[PDB]
Every structure is written in C-alpha cells, then in structure tokens.
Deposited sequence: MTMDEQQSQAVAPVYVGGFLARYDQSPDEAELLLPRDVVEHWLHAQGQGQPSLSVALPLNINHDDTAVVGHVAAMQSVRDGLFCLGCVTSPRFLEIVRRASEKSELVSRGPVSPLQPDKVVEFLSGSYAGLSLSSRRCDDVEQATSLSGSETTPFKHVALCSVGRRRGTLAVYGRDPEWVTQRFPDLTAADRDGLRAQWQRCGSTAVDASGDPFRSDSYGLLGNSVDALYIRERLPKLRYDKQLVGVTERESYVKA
C-alpha cells in the first residue's frame, strides 16, 4: 500500500523536441534555432503534456523549455494520478517491465512502463514554412516514437537525474532548466481502453525501434544508464 504510493508519485520526463543538427525527412518538420529562440522569448502558462497528441489524454505539463546547442530540450512532469494509476496497473502485467532495469538502477515499474510505451517526444507547434515568424508552442506529447529524430524521452523520479542522462547538456543548460521547473484537478479525461486503443496504432509505425535506437545513439543516452528500453 506504501509501495503503491511510491509507484504513483510524480514522474519526470526530459529530452529534445528537436535536434538542430538533424534535417527532417519532411519540410513541415523544419524547426531551426533562430525560430525556436524567437518563439521561446515570444510566448507564462505551462504547455500541457499529453499522450500521442490527444487533448483528452493530458497527463501533466511541461515545466521547462530551453534552447541548447544541439537543439530544443524540454523537461516535463507526469502528474495525473489517474494516468499513473493506470500505468501502475498495466506495468504489473508487462513481461518487459518484470525483467527490470539495467546494471545498478532500482526497478521502477511505472517509470519503466512509460519508458517502453512512450520512448519519444513530439512537439505541437505552429506551421513554420518560412513566412511570418500568438503562442507557437501548443503542447508536448509522449509517444511511441517521434517524427523528429533525437526526440527520445527519458523518464525518472528526479528532474536533475533526468537532465543528467544527456551528455550534450552543460551545467549552464541544466541551470537554465532548473530555473524554470522550480490544471485545477486531474487533466486526464481518458482511460485504459483509450491507451490500449492507442497501442495498436503504435504497432504500425514504420521502423519504430530502429528510429528509437538511432535517437538513443544520437542523444548519447546509450552511454549513460537509464530506464530506456529501446
């Protein structure tokens, strides 16, 4: 009963929403540093964090967005108790979760589950297309894999520890983030049936795993140890 309270405690997520050094496979995915930094400075209210862009599946909020040297990095927090309770339960029934985490990390079913199902981040921003460079950043979505390479999502119970998984990040970067991450109920208006529904869609994404490994390698989270399952 206490173990179940530790499992449903807030969980943090971090990762790049876009890698400046990565030319997208599609023109509409182009999101350059000049634009990002402008948009950041442009738009207060936190961007909501949801599951695969579903407005009824908001599970938390983005706590910090920072533009670093290699891209736009963000740090958010899964806070919805309904989503976490669901995850808590689904995790108990995952052969993958049961096999546990790597080398010296302690098992963490909830975190491990999110680490497996939503290994990527996917931004929701206004169409760039190079014109009239309002709130451009709509929200951030946890997903099976992102359209932009390098968007691998890293989950952990501590924000510092999450940011620490990324070698590219400097102290000044981890500092700009720490400054930021330091509503009115449960934002989650969905359920297990929905997540399950969304799971089959994930099964049909092309080259899902290969992309994730690529993302894992590009962001250097391969080196450090974490709950990533890709």
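Comparing the deposited sequence with the modelled residues, the stretches lacking C-alpha coordinates are 1 to 3, 47 to 53, 144 to 151, 201 to 208.
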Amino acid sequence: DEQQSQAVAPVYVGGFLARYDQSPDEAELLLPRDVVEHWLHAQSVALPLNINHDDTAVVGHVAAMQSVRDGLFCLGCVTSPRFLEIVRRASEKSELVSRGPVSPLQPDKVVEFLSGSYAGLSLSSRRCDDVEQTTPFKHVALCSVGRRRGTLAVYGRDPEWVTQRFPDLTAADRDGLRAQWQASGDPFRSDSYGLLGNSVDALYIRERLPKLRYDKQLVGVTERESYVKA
From here on, numbers count along this sequence of modelled residues.
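With 157 to 165 and 28 to 36 compared on mean CA B-factor from the PDB entry, the stretch scoring higher is 28 to 36. Across the two stretches, 204 to 212 and 217 to 225, the PDB entry reports the greater mean Cα temperature factor for 217 to 225.
Out of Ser144, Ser80, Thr134, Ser122, it is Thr134 whose C-alpha atom has the highest B-factor in the PDB entry.
If you compare the C-alpha temperature factors of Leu195, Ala46, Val68, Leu49 in the entry, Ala46 comes out highest. Looking at the C-alpha B-factors along this chain, the one for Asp129 belongs to the highest third.
Sort the modelled residues of the chain by CA B factor and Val62 lands in the middle third. Annotation for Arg174: C-alpha temperature factor in the highest third relative to the rest of the modelled chain, per the entry. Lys109: CA B factor lies in the lowest third for its chain, per the PDB record. Compared with the other modelled residues of the chain, the Cα B-factor recorded for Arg189 ranks in the middle third.
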